[PDB]
Protein chains: 4
Amino acid sequence: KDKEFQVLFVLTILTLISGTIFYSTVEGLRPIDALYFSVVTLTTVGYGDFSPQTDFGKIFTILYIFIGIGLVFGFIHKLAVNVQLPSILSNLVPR
Amino acid sequence: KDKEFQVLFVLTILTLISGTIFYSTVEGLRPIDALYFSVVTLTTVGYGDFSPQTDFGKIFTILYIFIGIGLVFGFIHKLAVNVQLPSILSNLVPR
Amino acid sequence: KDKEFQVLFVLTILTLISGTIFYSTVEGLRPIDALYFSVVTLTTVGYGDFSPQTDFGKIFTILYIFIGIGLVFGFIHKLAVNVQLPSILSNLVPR
Amino acid sequence: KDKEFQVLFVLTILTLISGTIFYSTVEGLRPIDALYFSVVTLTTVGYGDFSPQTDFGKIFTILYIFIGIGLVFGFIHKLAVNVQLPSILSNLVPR
Ligand SMILES: [Tl+]
Ligand SMILES: [Tl+]
Ligand SMILES: [Tl+]
Ligand SMILES: [Tl+]
């Protein structure tokens with residue numbers, strides 16, 4: 001459960017690293033903005049304060065969403081049910 | 001079921017209070033706009049009428065989404081299946 | 001299954017009617033824009049071409065999302081698994 | 001499992017082709033922008049860099065979201081659990 005979470009954590013980080021490199025390079029964003037935009041994209045928030053301006057960027061974003069959404073939300077789910085929930089229950093009973 | 005819903009309700013409120021304080025303070029939003037933005041972020045609507053302008057804000061928003069989405073949608077689900085649904089079924093049969 | 005879908009269909013329509021009336025009135029949108037915005041909000045797309053400008057509107061939108069998301073996506077799911085899927089399978093076998 | 005994925009893949013492509021044609025034609029987008037916008041809409045990212053300006057476009061987008069979200073996310077799920085996951089597990093054991 002903990003190994004599941006480790007793996008999804010690593011996969012998420014690698015996905016976000018890929019987006020940070022791509023958007024910093026092709027769309028010219030500061031690395032911090034590239035990471036932020038990658039996260040806002042794959043969690044489907046999509047503020048649109050950054051959005052790809054190049055056709056290269058738009059095509060990559062299509063593929064990045066389709067490949068990355070499933071991973072991000074798998075990690076969010078496991079983080080919910082395997083880390084946050086136990087800590088919440090545990091806080092419910094003094095020791 | 002009702003205690004489950006109570007807990008998720010409290011956790012959601014606390015999460016939204018955290019975002020309201022942070023965005024009011026660091027991003028200078030009116031408290032009402034900070035709450036509204038927090039909700040629009042964690043439900044993944046993301047209009048982008050407010051979005052963080054500071055690097056502090058962008059980093060916090062990354063973490064806030066990852067930690068908060070799972071909680072908000074747990075609460076929405078329980079609110080759907082444990083409160084709204086019974087009332088809907090109950091309205092279906094006169095008394 | 002068909003009655004389930006009927007009910008969720010009616011509930012969705014009523015929810016969207018509520019948003020259309022509210023946003024047309026309080027935020028001054030054309031009714032068509034109010035419906036469009038209501039749909040874009042509750043499906044969490046959130047383009048932000050329309051977003052509430054009044055505090056009344058922002059508070060209503062907070063509550064509307066929390067109460068309406070669960071309903072809309074229940075309807076989308078049932079529409080997926082109970083209407084679209086059978087028609088797709090049925091198209092797979094000539095008659 | 002592979003046939004399931006094939007079918008959802010074809011259905012997704014057809015849905016995106018429909019949106020590309022419609023938005024290129026009625027909203028005057030370049031085909032590439034129409035595809036990009038279709039994807040950003042049905043995955044619920046919704047940057048809003050493109051959004052429909054015509055009433056025809058707004059009405060179509062309402063219907064497109066309701067009919068298309070369920071399909072897209074079915075495909076993303078199957079792509080997650082039926083293609084990405086096995087490859088990830090398989091990379092975990094040298095051969
Ligand atoms: Tl958005
Ligand atoms: Tl937006
Ligand atoms: Tl979303
Ligand atoms: Tl969104």
Side-chain angles (χ1 to χ4, degrees), chain A residues 44 62-71 73-74 77, chain B residues 44 77 80 85, chain C residues 3-13 15-16 39-40 42-45 69-77 79-80 82-94, chain D residues 3-26 31 34-46 52 56-77 79-80 82-87:
Chain A
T44 70
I62 288 166
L63 303 177
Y64 192 59
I65 290 170
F66 268 106
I67 288 165
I69 278 187
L71 178 66
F73 279 89
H77 163 91
Chain B
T44 70
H77 163 91
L85 172 61
Chain C
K3 294 175 181 181
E4 204 194 11
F5 174 89
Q6 283 165 358
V7 174
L8 279 168
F9 183 60
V10 162
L11 285 159
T12 299
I13 289 173
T15 300
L16 295 176
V39 168
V40 166
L42 296 184
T43 64
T44 70
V45 174
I69 278 187
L71 178 66
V72 162
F73 279 89
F75 172 76
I76 294 174
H77 163 91
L79 168 77
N82 287 9
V83 182
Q84 292 176 292
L85 172 61
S87 65
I88 288 175
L89 309 172
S90 97
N91 208 30
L92 205 287
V93 167
Chain D
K3 294 175 181 181
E4 204 194 11
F5 174 89
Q6 283 165 358
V7 174
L8 279 168
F9 183 60
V10 162
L11 285 159
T12 299
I13 289 173
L14 285 166
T15 300
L16 295 176
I17 289 181
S18 190
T20 302
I21 297 171
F22 173 88
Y23 292 114
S24 280
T25 295
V26 173
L35 175 62
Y36 163 76
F37 173 74
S38 290
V39 168
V40 166
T41 293
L42 296 184
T43 64
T44 70
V45 174
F56 196 177
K58 290 162 176 168
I59 294 157
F60 175 90
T61 295
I62 288 166
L63 303 177
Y64 192 59
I65 290 170
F66 268 106
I67 288 165
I69 278 187
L71 178 66
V72 162
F73 279 89
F75 172 76
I76 294 174
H77 163 91
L79 168 77
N82 287 9
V83 182
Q84 292 176 292
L85 172 61
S87 65

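Letters A, B, ... mirror the listed sequences (proteins, then strands); counts begin at 1.
Atom CG of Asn82(C) and atom OG of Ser87(C) lie 11.5 Å apart (nearest 0.5 Å). Atoms CD1 and CG, from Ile21(D) and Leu16(D) in turn, are 11.0 Å apart once rounded to the nearest 0.5 Å. Taking OH of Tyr23(D) as the reference point, atom OG1 of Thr61(D) lies at 2.5 Å (rounded to 0.5 Å).
When all heavy atoms are compared, the tightest approach of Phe75(D) to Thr12(D) is CB-OG1, 3.4 Å.
Qualifying ring-ring contact (aromatic ring centres under 6.0 Å, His included) partners for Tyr36(D), counting only residues two or more places apart in sequence or in other chains: none. Listed by chain and residue number, nothing satisfies the side chain to side chain donor-acceptor pair (under 3.5 Å) test with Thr44(D) (two or more places apart in sequence, or in another chain). In this structure, the side-chain contact (heavy atoms from CB on, under 4.5 Å) partners of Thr20(D), at least two apart in sequence or on a different chain, are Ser24(D), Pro31(D), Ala34(D), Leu35(D). In this structure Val10(C) satisfies the side-chain contact (heavy atoms from CB on, under 4.5 Å) test together with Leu14(C), sequence neighbours excluded.
Legend: salt bridge (charged side-chain N to carboxylate O under 4.0 Å, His left out) pairs involving residues 65-76 of chain D, not counting sequence neighbours: none detected.
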Residue pair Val26(D), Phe60(D): steps toward the side-chain contact (heavy atoms from CB on, under 4.5 Å) verdict: CA-CA 10 Å; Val26(D) 173; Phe60(D) 175 90; over 6 Å; no
Result block: side-chain N/O donor-acceptor pairs under 3.5 angstrom for residues 62-72 of chain D, not counting sequence neighbours:
residue, atom, partner, partner atom, Å
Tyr64(D), OH, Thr15(D), O, 2.8

